[PDB]
Participant: 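One structure, as structure tokens, below. Some questions next.
Proteins get letters first, then strands, A, B, ... in listed order; numbering begins at 1 in each. Remember, it's 1-based here, ligands and their atoms both numbered in the order they're listed.
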Amino acid sequence: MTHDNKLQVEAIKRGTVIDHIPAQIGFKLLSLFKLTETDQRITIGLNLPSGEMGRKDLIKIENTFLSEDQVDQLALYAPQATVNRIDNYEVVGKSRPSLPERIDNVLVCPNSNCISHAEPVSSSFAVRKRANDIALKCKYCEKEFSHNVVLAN
Amino acid sequence: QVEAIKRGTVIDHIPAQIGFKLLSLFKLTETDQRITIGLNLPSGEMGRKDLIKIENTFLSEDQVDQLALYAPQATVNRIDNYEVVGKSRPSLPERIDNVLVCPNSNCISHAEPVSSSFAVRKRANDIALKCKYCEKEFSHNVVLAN
Amino acid sequence: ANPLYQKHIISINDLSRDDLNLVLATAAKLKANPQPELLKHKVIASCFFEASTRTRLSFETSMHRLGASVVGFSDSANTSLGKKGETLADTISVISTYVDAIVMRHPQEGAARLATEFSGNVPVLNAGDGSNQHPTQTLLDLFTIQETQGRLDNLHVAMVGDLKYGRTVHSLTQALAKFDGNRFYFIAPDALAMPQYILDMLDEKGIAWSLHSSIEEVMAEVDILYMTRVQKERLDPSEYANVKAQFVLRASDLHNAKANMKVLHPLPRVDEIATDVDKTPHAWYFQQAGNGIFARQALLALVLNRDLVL
Amino acid sequence: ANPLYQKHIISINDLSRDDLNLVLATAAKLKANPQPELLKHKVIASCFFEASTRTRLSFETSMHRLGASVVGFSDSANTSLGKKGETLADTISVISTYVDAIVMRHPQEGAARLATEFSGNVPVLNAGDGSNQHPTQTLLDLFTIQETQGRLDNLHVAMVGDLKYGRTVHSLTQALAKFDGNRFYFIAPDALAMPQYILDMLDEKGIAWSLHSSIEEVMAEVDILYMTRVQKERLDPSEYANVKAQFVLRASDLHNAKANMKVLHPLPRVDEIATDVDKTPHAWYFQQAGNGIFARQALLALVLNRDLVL
Amino acid sequence: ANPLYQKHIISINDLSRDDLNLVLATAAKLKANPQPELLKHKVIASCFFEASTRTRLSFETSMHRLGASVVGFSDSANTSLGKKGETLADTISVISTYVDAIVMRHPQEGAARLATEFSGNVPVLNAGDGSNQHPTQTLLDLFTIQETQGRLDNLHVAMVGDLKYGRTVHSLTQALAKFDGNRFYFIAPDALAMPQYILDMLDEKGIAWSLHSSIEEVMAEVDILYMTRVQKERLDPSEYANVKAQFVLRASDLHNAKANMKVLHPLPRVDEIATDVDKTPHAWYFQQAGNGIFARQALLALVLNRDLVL
Amino acid sequence: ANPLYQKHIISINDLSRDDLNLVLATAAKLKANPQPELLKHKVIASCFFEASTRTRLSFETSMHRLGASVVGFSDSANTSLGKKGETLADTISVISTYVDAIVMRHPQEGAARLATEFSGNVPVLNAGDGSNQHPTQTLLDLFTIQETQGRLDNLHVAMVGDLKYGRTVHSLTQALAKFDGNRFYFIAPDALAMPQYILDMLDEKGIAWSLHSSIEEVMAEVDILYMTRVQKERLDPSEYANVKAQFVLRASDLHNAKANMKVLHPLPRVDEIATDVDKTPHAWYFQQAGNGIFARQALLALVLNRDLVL
Ligand SMILES: Nc1ccn([C@@H]2O[C@H](COP(=O)(O)OP(=O)(O)OP(=O)(O)O)[C@@H](O)[C@H]2O)c(=O)n1
Ligand SMILES: Nc1ccn([C@@H]2O[C@H](COP(=O)(O)OP(=O)(O)OP(=O)(O)O)[C@@H](O)[C@H]2O)c(=O)n1
Ligand SMILES: [Zn+2]
Ligand SMILES: [Zn+2]
């Protein structure tokens with residue numbers, strides 16, 4: 001309980017707040033990282049006014065603490081987000097995402113002939129070379145693509 | 001302290017887990033307006049629920065009746081100056097476009113640039129949904145299951 | 001301008017009683033005085049994405065008997081379309097750029113109605129879409145019941161054979177349910193029974209029907225006996241053979257048929273109607289196929305002509 | 001007698017500027033007042049040794065719209081010719097013994113010009129010979145540039161796609177180089193670049209061209225954007241995908257297009273032009289295909305008629 | 001000698017309760033203490049006139065783990081024997097002069113029984129003959145049921161799917177009906193239900209059976225759940241997709257099953273068993289396919305070796 | 001155990017310099033003093049979902065020279081597994097309950113790596129997976145280079161042909177780049193040149209490479225000349241035939257080669273190597289294909305046998 005309001009809503013006790021999500025990445029992250037399949041109270045604010053991006057998104061998941069590698073999976077979508085972990089209304093922890101070494105499940109091999117399309121295996125890509133612009137190599141067909149390309153097909 | 005809004009739509013009493021379906025399916029986030037969503041909201045009042053608040057947007061008539069297949073006991077509320085100007089329950093519509101797949105794998109809707117469309121029919125015990133291409137009629141439970 | 005003018009004939013469920021009578025009275029007039037130049041200078045596409053000779057030769061002869069030109073393909077065995085992922089929306093957006101009506105058969109249900117969303121103003125007439133509709137087969141059967149019986153109402157119509165998957169008996173039961181007092185007798189192997197959505201529509205309209213297990217139970221009362229082929233793969237070889245291959249008609253069975261009774265079969269008949277039935281007055285399966293010409297001609301005349309001269 | 005009278009239309013390199021204008025002004029007249037009996041009593045052979053539905057249905061509809069009869073075959077999948085080693089000289093020496101013009105497509109380059117040495121006086125019109133020519137596709141594209149732009153000279157024409165093996169962009173660059181002041185922009189993956197013999201002919205005629213890597217670099221200045229399909233097997237699956245599948249047009253890209261800009265694609269389009277482009281005023285790919293009828297009609301009218309009435 | 005020494009293995013109908021237990025007893029022995037030189041110098045023929053590579057690899061691996069040699073073939077659209085003209089009887093008469101045993105799978109029923117009259121003293125083992133029999137599948141199913149449940153009597157076995165045409169479900173019911181007190185639940189789409197002959201036999205034996213509509217209503221009482229694949233050709237796409245909220249199994253459905261309940265499937269399992277079942281302890285179809293090695297080793301060992309002391 | 005004992009052999013990328021030398025060391029041992037009962041009682045599966053009979057016979061002969069048993073298949077337009085519906089994952093899950101090792105060649109990339117997650121403790125050895133990897137070809141190429149040159153470091157290797165799509169030339173360059181001081185010459189048609197990733201890797205390692213236009217300009221400095229076949233589908237006939245005075249090798253071209261220079265080719269060699277080369281001492285492609293036996297014996301011996309004392 002603390003005086004919420006909607007331009008920057010307030011206080012969950014205990015749980016995670018992913019703030020400074022670029023506009024329109026928030027829903028993407030909800031659906032992609034399946035954040036919603038929990039019985040916990042999630043509160044989400046879309047296209048909000050704030051700390052200078054002007055407009056941002058924010059997600060609040062009480063009682064769940066998603067961390068260290070979970071936070072890193074957020075990196076090519078929301079690299080400039082902050083993952084505050086809250087306990088008894090205090091921000092006892094502030095993480096930011098860094099590029100992971102493996103991004104499972106979420107991507108799709110652009111190579112139409114690899115076997116991963118047709119089967120009970122989940123995608124997996126090795127990540128290379130920070131911010132000057134990322135290369136992702138499929139586990140299975142060992143073909144290396146530009147992230148800009150895996151992030152459309 | 002949560003979100004009282006000046007003008008907009010508030011969908012309330014979404015049945016739990018339909019809450020995220022509806023954002024996806026009805027493409028409600030593709031907007032620049034402030035949306036504030038609540039999931040697994042407490043409802044001693046109705047078990048547990050979800051609730052989307054979308055401002056400066058009024059979702060009406062047709063748009064409200066769509067939701068009935070999913071959240072049939074949802075009360076949409078509009079607001080134009082800080083309070084409920086209308087509460088609107090969803091009624092079942094006569095046609096459900098776009099969001100639904102034909103169960104029929106030989107139906108041409110599957111391979112083509114076509115928007116799906118089903119004619120709705122409350123045959124007591126269920127709603128049958130007849131595809132506009134096939135003309136094959138299925139229980140709404142078979143189509144929503146997928 | 002006539003009601004059917006420039007319409008798409010996609011489903012029987014879309015034609016009213018009125019619409020069906022109009023087509024049938026025009027067939028009767030064209031059968032009586034030919035109009036060999038009515039569609040002079042029209043070019044019509046015969047697109048058979050799935051091959052069907054019986055239906056194609058019939059449709060194109062009747063386009064030829066009203067003076068129209070035909071361009072088209074028969075496929076199933078390759079004729080370069082869908083080449084390199086080309087969608088059906090796109091093929092039809094290109095064919096309607098130059099023909100005046102598209103006749104089409106396609107493997108998937110719904111394909112003629114999709115063609116409709118892309119053909120602009122060129123009418124699309126459905127010659128069969130998978131297990132869904134075949135209007136022009138129901139129009140010819142109806143025409144044949146009418147011409148031989150004198151009416152389309154107050155009939156006793158027996159449907160014998162594979163009723164579960166026979167796409168033509170399902171549409172003829174829906175068309176005939178548009179008219180009054182018809183009584184249906186279904187005679188099918190248990191595995192091949194008339195589906196519930198049919199029965200449920202008959203009940204709801206207060207139309208009488210009943211299941212019988214042999215044609216002898218009902219021959220005496222019957223006006224139209226419509227036979228369908230059982231396809232031997234809807235059953236195993238021994239199911240067909242074992243006791244269910246007795247939905248077969250022979251001359252002997254016709255003894256007590258009313259003098260007006262006719263035997264109809266959309267064809268290929270292979271087993272079900274023995275060759276000795278052909279010599280009887282009740283064999284009307286071949287004359288039914290010849291009526292396909294006038295039914296089909298009538299639809300192309302009504303759809304391409306604002307006003308019809310007769 | 002008109003210049004084209006009884007000529008063989010085998011290659012674009014054989015038609016002059018004058019010849020190309022004449023065909024285009026006749027197309028414009030026949031599109032404006034039909035001449036449905038001009039080729040009355042002519043019989044024309046549609047020989048498609050290689051199947052091509054799009055092209056065949058178009059060619060035969062336009063033979064039908066001028067009143068001619070068509071006999072012919074589509075093959076690739078067997079229609080008994082070359083049966084038992086019969087040469088193409090021999091098939092053509094026999095077909096020209098009874099038809100009045102041969103339209104033909106064939107897998108090997110040179111085949112329509114060989115037909116010419118054996119057809120006597122029956123004109124041979126080429127509907128495609130392997131990777132060599134396709135005149136009637138260039139005539140229809142030209143007609144469409146002319147009708148939408150008002151001219152064929154002083155154009156800014158962008159050619160986007162697989163330019164190395166797209167047999168139609170190579171002929172349209174040669175035809176357009178017949179006219180003045182056109183400027184070419186080629187946008188191709190490195191593996192699929194416009195070959196040197198093209199570039200070398202443009203340089204030698206003093207015509208301006210340039211390579212760009214995205215359509216955004218040139219959209220603002222462009223009148224005709226001619227897209228071609230990349231065939232996914234000219235590249236491996238991952239080459240296509242990896243960064244080269246971005247020669248794809250979408251509605252968003254059209255923002256700054258001039259109000260007169262048109263998008264042309266010989267078709268099947270499958271990937272390269274997104275479906276939302278269709279709703280824009282610039283989508284002219286389908287109306288381009290309909291113009292195939294008048295371009296094609298005009299060539300058969302000019303080649304079979306000594307004098308033309310208009 | 002052992003009772004099955006030099007015997008022909010053609011129908012499950014022909015093996016007594018006792019022969020079924022002998023085979024199963026042996027196969028546990030060979031699984032535990034393998035004897036890789038038991039058929040040293042024997043040459044078995046793997047005549048698959050109908051391809052089934054899973055069954056063929058299981059058998060040939062059974063032949064080689066006992067040290068035997070293998071000659072033979074498979075024939076999806078290929079290799080000479082049976083020809084058309086050359087009879088099966090002459091194929092067998094010639095091959096039984098070359099080998100010591102013949103495993104055969106043929107598309108027509110009774111082919112293996114015909115073979116038996118032409119192989120001389122050479123034993124023939126049926127690997128599938130049309131829709132009639134496949135005894136080595138029943139033998140491994142019982143070995144898996146006996147190896148997970150501890151007995152073959154007093155079981156609550158649920159059989160699910162295409163009970164009308166799964167040859168495996170017809171056989172497994174005959175074989176389990178030689179043991180005592182078994183109770184059967186048959187969950188099938190009523191168009192694909194257990195034939196009246198299986199049921200009439202079961203009532204002559206006094207055995208208990210009941211028919212159910214979805215697995216969820218028996219999940220609680222069951223020991224073996226034997227899923228079958230529903231054969232979508234014997235169905236309409238819309239029929240196929242219509243049934244209830246299906247008869248496919250997922251882990252969610254398993255949350256009530258007894259701890260010793262195992263899900264069996266002859267394979268392939270396209271659709272009816274979801275991947276999440278694969279990780280539960282109740283999943284046993286892959287282990288069932290490995291027991292195929294020990295069941296077929298057993299049969300070959302008893303048929304070709306006079307008495308066995310392992 | 002040995003380092004490769006029970007390991008999966010899927011990409012050349014995954015074997016260290018040391019593992020490459022162990023294999024090559026073993027293979028010289030087996031060539032010299034053969035051990036024909038080393039895999040006695042093992043049963044290997046030769047799953048060629050894509051036919052390649054040369055590779056399949058090399059492997060099965062490797063399996064039999066070490067005394068192992070073989071079950072499996074090939075599949076140019078044939079035999080059941082993988083079906084369409086039945087997954088590769090379920091095929092492997094079932095076959096890895098029957099055999100001790102799986103050699104597999106599949107048309108889609110990563111199929112062997114997928115397999116690895118379903119074979120349990122059973123090792124899988126890649127025989128080719130789309131355009132990705134074929135490690136047993138690289139292993140025999142290095143064995144032939146080491147056996148003719150005496151070392152695998154400090155070589156002047158010329159690679160010629162389709163460097164863009166030969167999977168073998170991509171692999172051989174990664175493997176030779178784990179050894180020291182090698183200098184690479186790449187003589188290819190610029191439309192078919194070495195990808196930028198091979199070259200970018202080679203420059204990160206400090207390795208020397210240069211690109212040339214015809215073999216004649218490096219003939220003098222070279223040790224290994226590795227010809228590749230130019231794949232005429234990825235080319236126009238006229239393009240194919242246009243290149244220089246070609247990149248095919250004939251004895252005349254060899255008159256300057258060093259005495260220890262050997263010409264290697266993975267085979268087939270339709271055109272690029274003339275028959276007169278076959279009689280020179282520099283020809284070594286056939287001997288290279290015999291070393292395929294000793295390279296694959298080595299891999300199987302180390303994977304299935306715990307430590308090797310030969
Ligand atoms: N019990 C609490 C405490 C804080 N917050 C959230 O924590 C987020 C940020 O943490 P904080 O350090 O308290 O505010 P800032 O200093 O602005 O964090 P930053 O500078 O990283 O944006 C705010 O969005 C606030 O809503 C919360 O929901 N519940
Ligand atoms: N300025 C306002 C006014 C109302 N609301 C929302 O509008 C909804 C309408 O409910 P209301 O009629 O105010 O009382 P309820 O009893 O909650 O409606 P119901 O009968 O459905 O429970 C409430 O959830 C409230 O949050 C709002 O967000 N902003
Ligand atoms: Zn991949
Ligand atoms: Zn449908």
Side-chain angles (χ1 to χ4, degrees), chain A residues 4-6 107-119 121-126 136-145 149-150 153, chain B residues 2-14 34-36 38 41 43-46 49-55 73-89 100-112 114-119 129-138 142-143, chain C residues 108-111 113-114 129-132, chain D residues 237-238 241-242, chain E residues 237-238 241, chain F residues 108-111 113-114 129-132:
Chain A
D4 292 71
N5 113 84
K6 47 192 303 192
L107 296 155
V108 185
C109 182
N111 169 23
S112 48
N113 189 33
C114 114
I115 197 80
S116 65
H117 285 110
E119 311 262 325
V121 295
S122 57
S123 51
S124 200
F125 281 87
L136 305 169
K137 170 173 172 186
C138 183
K139 180 177 178 181
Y140 292 97
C141 65
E142 304 167 72
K143 224 60 93 145
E144 191 170 57
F145 303 99
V149 175
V150 178
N153 5 75
Chain B
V2 308
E3 301 52 89
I5 325 138
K6 193 160 82 281
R7 9 177 184 283
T9 306
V10 173
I11 311 175
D12 195 298
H13 187 233
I14 309 175
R34 200 164 310 141
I35 312 180
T36 54
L41 258 238
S43 252
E45 150 210 344
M46 263 274 125
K49 64 181 182 67
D50 303 324
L51 183 156
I52 299 160
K53 294 195 191 77
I54 325 182
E55 40 166 72
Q73 4 61 33
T75 68
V76 179
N77 306 274
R78 21 248 293 112
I79 287 150
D80 75 307
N81 188 271
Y82 278 92
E83 221 65 52
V84 184
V85 105
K87 277 236 197 165
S88 318
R89 179 64 54 97
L100 277 180
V101 168
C102 185
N104 184 8
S105 57
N106 204 47
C107 185
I108 200 44
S109 59
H110 292 155
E112 294 300 311
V114 77
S115 274
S116 83
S117 194
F118 293 84
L129 300 182
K130 192 199 184 62
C131 175
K132 105 102 130 63
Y133 291 107
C134 305
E135 291 178 53
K136 237 90 206 172
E137 198 184 51
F138 316 85
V142 182
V143 193
Chain C
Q108 288 169 258
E109 302 73 17
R113 164 154 281 148
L114 173 300
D129 53 329
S131 49
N132 178 16
Chain D
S238 324
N242 189 4
Chain E
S238 16
Chain F
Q108 282 170 274
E109 284 94 57
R113 192 140 242 137
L114 186 127
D129 67 325
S131 50
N132 170 30

Participant: Can we say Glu135(B) and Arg113(C) salt-bridge, meaning some charged N sits less than 4.0 Å from an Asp/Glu carboxylate O?
Facilitator: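 Yes.
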Participant: Can you tell me which residue and heavy atom of the protein come closest to atom 3 (C) of ligand 2, and the distance to 0.1 Å?
Facilitator: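 Heavy-atom neighbour on the protein nearest atom 3 (C) of ligand 2: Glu83(B) OE2, 3.4 Å.
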Participant: Near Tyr82(B), which atoms of ligand 2 are under 4.0 Å from a heavy atom of that residue?
Facilitator: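 It comes down to these atoms of ligand 2: 1 (N), 2 (C), 3 (C).
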Participant: Identify, for atom 24 (O) of ligand 2, the protein heavy atom at the shortest distance, and state residue, atom and that distance.
Facilitator: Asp12(B) OD2, 2.9 Å
Participant: Atom 1 (N) of ligand 2: which of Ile79(B), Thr36(B), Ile5(B) has the nearest heavy atom?
Facilitator: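 Among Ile79(B), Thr36(B), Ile5(B), the closest heavy atom to atom 1 (N) of ligand 2 comes from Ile5(B).
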Participant: Between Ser123(A) and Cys109(A), is a side chain to side chain contact (heavy atoms under 4.5 Å, CB included) present by the stated rule, with each step listed?
Facilitator: CA-CA 7 Å; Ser123(A) 51; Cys109(A) 182; over 6 Å; no
Participant: Can any side-chain N or O of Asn132(F) pair as donor or acceptor with the backbone N or O of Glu109(F) at less than 3.5 Å?
Facilitator: no
Participant: Is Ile5(B) close to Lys6(A) at the side-chain level, that is, under 4.5 Å between some pair of heavy atoms?
Facilitator: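 When only atoms from C-beta onward are counted, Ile5(B) and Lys6(A) do touch, with a gap below 4.5 Å.
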Participant: Rounded to 10°, how big is the angle at the Zn ion (ligand 4) from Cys107(B) SG to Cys131(B) SG?
Facilitator: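 It comes to 110°.
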Participant: Quick check on atom 15 (P) of ligand 2 - does any protein heavy atom sit closer than 4.0 Å to it?
Facilitator: no
Participant: Less than 4.5 Å apart, side chain to side chain, heavy atoms only: is that true for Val101(B) and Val143(B)?
Facilitator: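 Side chain of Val101(B) against side chain of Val143(B), heavy atoms only: no contact under 4.5 Å found.
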Participant: State the CG-OG1 distance between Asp12(B) and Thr75(B), to the nearest 0.5 angstrom.
Facilitator: 5.0 Å
Participant: In terms of residue, atom name and distance, what is the protein heavy atom nearest to atom 13 (O) of ligand 2?
Facilitator: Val84(B) CG2, 3.4 Å
Participant: Counting distance only, does the side-chain N/O of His13(B) pair as donor-acceptor with the main-chain N or O of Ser43(B) below 3.5 Å?
Facilitator: no
Participant: Using the Zn ion (ligand 3) as the vertex, how large is the angle between SG of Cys141(A) and SG of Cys109(A), rounded to 10 degrees?
Facilitator: 110°
Participant: How many angstroms lie between NZ in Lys6(B) and CZ in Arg34(B), if you round to the nearest 0.5 Å?
Facilitator: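 The CZ atom of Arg34(B) is 9.0 Å from NZ of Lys6(B), to the nearest 0.5 Å.
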Participant: By number and element, which atoms of ligand 2 are closer than 4.0 Å to a non-hydrogen atom of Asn77(B)?
Facilitator: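 Every atom of ligand 2 under 4.0 Å from some heavy atom of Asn77(B): 8 (C), 9 (C).
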Participant: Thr75(B) heavy atoms, cut-off 4.0 Å: which ligand 2 atoms fall inside?
Facilitator: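 Result: 21 (O).
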Participant: Do any nitrogen or oxygen atoms of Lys53(B) lie less than 3.5 angstrom from nitrogen or oxygen atoms of ligand 2?
Facilitator: no
Participant: I need the nearest protein heavy-atom contact for atom 20 (O) of ligand 2: residue, atom name and distance, please.
Facilitator: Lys87(B) NZ, 2.8 Å
Participant: Looking at atom 6 (C) of ligand 2, what's its closest protein heavy atom, distance included?
Facilitator: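 Protein heavy atom at minimum distance: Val10(B) CG2, 3.9 Å.
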Participant: What residue and atom, counting heavy atoms only, is the protein's closest point to atom 28 (O) of ligand 2, and at what distance?
Facilitator: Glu3(B) O, 3.3 Å
Participant: Among protein heavy atoms, which sits nearest to atom 22 (O) of ligand 2, and what does the distance come to when rounded to 0.1 Å?
Facilitator: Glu45(B) OE2, 3.8 Å
Participant: Measuring only between side-chain heavy atoms, which start at C-beta, is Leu136(A) closer than 4.5 Å to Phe145(A)?
Facilitator: no
Participant: If you measure from OG on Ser116(A) to OH on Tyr140(A), what distance do you get to the nearest 0.5 Å?
Facilitator: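 Here the interatomic distance stands at 7.5 Å.
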